[PDB]
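Starting off, we have a lone chain in the form deposited in one PDB entry, written out as structure tokens.
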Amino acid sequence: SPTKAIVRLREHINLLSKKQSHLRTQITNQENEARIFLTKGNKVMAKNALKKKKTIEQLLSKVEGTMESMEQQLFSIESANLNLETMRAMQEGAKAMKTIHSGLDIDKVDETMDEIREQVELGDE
């Protein structure tokens, strides 16, 4: 069902937002480790901590892209559903209009209408 897909997409996005928060924390942690290494005079290990920070930032970007893709999919589904709702309302409205336009069991107005239409249109060819 559309509802099923929608709730699952939201659940997935929620989890990815938690992964986002976790990765941001890990990025700050790498910065922290780098500063401490520099205060120790170990530029090699500071650089190594910042290389890892860069890798984590790359993964954070991929998490963000995954979330965006799911949000777009969710929007598409919600939009399609509203379109279906409009379509069903229009078809039931059209049914009601047909019933009203055949509302006369008395007497032969529709056929006369069509006859006069064609007379009026006869000037066109």
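Don't overthink the numbering: it's just position in the shown sequence, from 1. Under this definition, the rigid core comprises the largest set of C-alpha atoms superposing within 1.5 Å between the forms.
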### Task
For the higher mean C-alpha B factor in the entry, choose 82 to 90 or 96 to 104.
96 to 104
### Query
Thinking about Cα B factors across the chain, which third does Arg117 belong to?
highest
#### Entry: Relative C-alpha B-factor of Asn29, binned into the chain's lowest, middle or highest third
lowest
### Message
Considering every modelled residue of the chain and its Cα B-factor in the PDB entry, is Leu16 in the lowest, middle or highest third?
### Response
middle
### Task
Quick one: classify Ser69 as lowest, middle or highest third of the chain based on its Cα B-factor.
lowest
## Note on the structure
Among the modelled residues of its chain, the C-alpha B-factor of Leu9 falls in the third labelled middle
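There is another form of this protein, the form deposited in another entry, and it is not shown here; the text below is about that form.
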### Message
Superposing on the rigid core, is the Cα displacement of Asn42 between this form and the one not shown 2 Å or more?
### Response
yes
### Query
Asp114: with the rigid core matched between this form and the one not shown, does its Cα shift 2 Å or more?
yes
### Query
Are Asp107 and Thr99 closer or farther apart at the Cα level in the other form than shown, by 3 Å or more?
closer
### Message
Quick one: with a 3 Å or larger change, is the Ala94 to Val109 CA distance smaller or larger in the other form? Answer closer or farther.
### Response
farther
